[PDB]
DNA sequence: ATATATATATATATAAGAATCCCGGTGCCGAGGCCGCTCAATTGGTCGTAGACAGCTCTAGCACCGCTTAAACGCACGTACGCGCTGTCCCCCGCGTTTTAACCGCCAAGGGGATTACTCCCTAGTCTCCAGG
DNA sequence: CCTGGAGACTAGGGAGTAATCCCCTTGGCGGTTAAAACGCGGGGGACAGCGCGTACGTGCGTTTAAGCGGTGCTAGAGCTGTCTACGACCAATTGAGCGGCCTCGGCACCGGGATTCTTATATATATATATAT
């Protein structure tokens, strides 16, 4: 249940992204925690779909085309 | 090959229902009598169900073709449809 | 009467051509039938459920619209 | 200050171990950073919208929950 | 005797078509299809505005909730166009008021 | 004296939009600028949809708009396809495209 | 090794079978314009609760430095993994044939969205008795 | 010796019982016709396997910043009161859209000439092979 992403570089990245929209945005630690949990739970399913595509492509090493197929079937690309 | 390629370009520009409406109506009534018998139906409901099923099947076949291309093939297999339904979340 | 054989494999092949499929295997039709029967026992049961609280045995297309939007399938067509 | 390289290579490798991947290619990490960039450009912007509609500059976790349930990502945890 | 007074958005969007393409007609079933489209977007963004009013614990929906619904749900330029015309729609609503 | 659609100059019924908003169980009080905002936004969106449909009809040399024109108008536009992702257009299909590996050599 | 002659294989026209459009004439049915009118929009006073604003407060967010230790990067060798490729065979495509079920058409009957003759139950106005102040 | 509380009779309002307006479906009956099932040939693509580059896996040396923790500063989220102002609602008016009926032209439909398409094949040419001094 541990988080493999460190909290402080992730918070720096979140504040870097949020500075593009609105300057001087105060952030809760719980907001960064929820963003990290949601992003990690999303990317774990992404890696599972990537592994399923690589197995379907008869490989054990993942490739960018696996992610390209997985996000296209998932419809995450506009 | 080329004769099979000829209808590939033909049905991509046609918006007519490929499924015959009377066997589809029979299948809808056969399914609906299993839930609760003596059900009256409108024709517009059957047409909406037929066009929704045909569009969903066209999208699923597009994902099947994408999976077959991803496996370096031009012939489709049911595991392409299984992977498409699993990534789509339609797999229970 | 079993009407699952009414979906003929020329029609499934035509859907594959509309779906853009070069070569169609012979066992695609069985899983195609299995997929469409699931799709037609989900939405049809939801439409019967929508009709049941309307206290009718006459199935309207608006119940089908409600069933489709219940499952996230957005159809702009019959029923309004 | 760019912080997209703060998601280090063993972190993504350990997440792929959690994701069930035996061997990870060297160029997976760039597309992983790009997809995470797209996701965090969407959700953070939605949270900024939720915060500015609430007349605040302090970004809260409940706005993050609002942004996640707007996109269909239902979460059970902090915020409520 | 008529059946009922079924109200729709036929004539308004027909006038919209006639001020966009005056020489182009439309089939009536496509018209009802996009009427379903318009009512679907109405039920989407009105529920979005109701949810945003619930988030502010407010029992009154202003135009600001509609602004938030537009800038949340509509992607790209269709957001910022619809905001830009939506403010000036208010001003001409409040000019001769 | 003046209807609100004529008063605001919009082609959409402000009164009918407000009447649907009051009975829509959204709020106990509904403002006055919000239906004008909603009518203007939907009017411009419908104008964009009819404009792209008329362009698709002029590409097909027809003066009567069919749902194939709407199918070729929504899906070709990036933001329309992005917004209407799960939307299925009745009497339509897909954009006609051929995969590269399925092309003849 | 080289001159002479032959024959097999390969690339490009190419011409004939094969599918597609489009201009030319025809109809037909679905847009699209006028009356009747209805119902929902408009206008007007009132008031009453939603909301904006002034002020406090306090509470969590922000910053920054010691320290230390798990975490990250980089070189090194390899070994298992992605990838070309060569048979193969078998399963799916191209086309002729039956047949069989879809399509069209009608009718008589029945359920049903909504409306209506009728009818009993609930509610309030009125009449007279007696009991009190 | 005189008016008001109270039981009984009766007019009015209203929703349930059942029939109806007519409308939509609907199984059933009969003719038609074109799409599907089937089969024969064949051909080309999925698949097995074998070798070949090669690229992350791991491990140790080197670096490094994440995080704990303590201290200080402080920006605004939220609570309390206070005014206020705009929609909710009720009543009268009034015209815009919906339905129905005519009508007319936009597009469906046939069809032969022009247009590609394709595809095996005719033909020009590159090259392997045979012979001899």
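Heads up, chain B uses Swiss-Prot numbers, so what you see runs 45-136.
Every residue gets a Cβ built from N, Cα and C, even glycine.
The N6-succinyllysine annotation in Swiss-Prot covers B:57 (among others) and is backed by experimental evidence. Under the three-state DSSP scheme, residue B:57 (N6-succinyllysine) falls in the coil class. Counting only same-chain residues at least 6 apart in sequence, none has a Cβ under 8 Å from the Cβ of residue B:57 (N6-succinyllysine).
If you look up Swiss-Prot, you'll see B:80 marked as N6,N6-dimethyllysine. Using a 10 Å Cβ-Cβ cutoff, residue B:80 (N6,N6-dimethyllysine) registers 13 neighbours. Classification of residue B:80 (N6,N6-dimethyllysine) by DSSP places it in coil, neither helical nor stranded.
Marked as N6-succinyllysine by Swiss-Prot: B:80 (among others).
Annotation source Swiss-Prot lists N6-methyllysine at B:80, citing experimental evidence.
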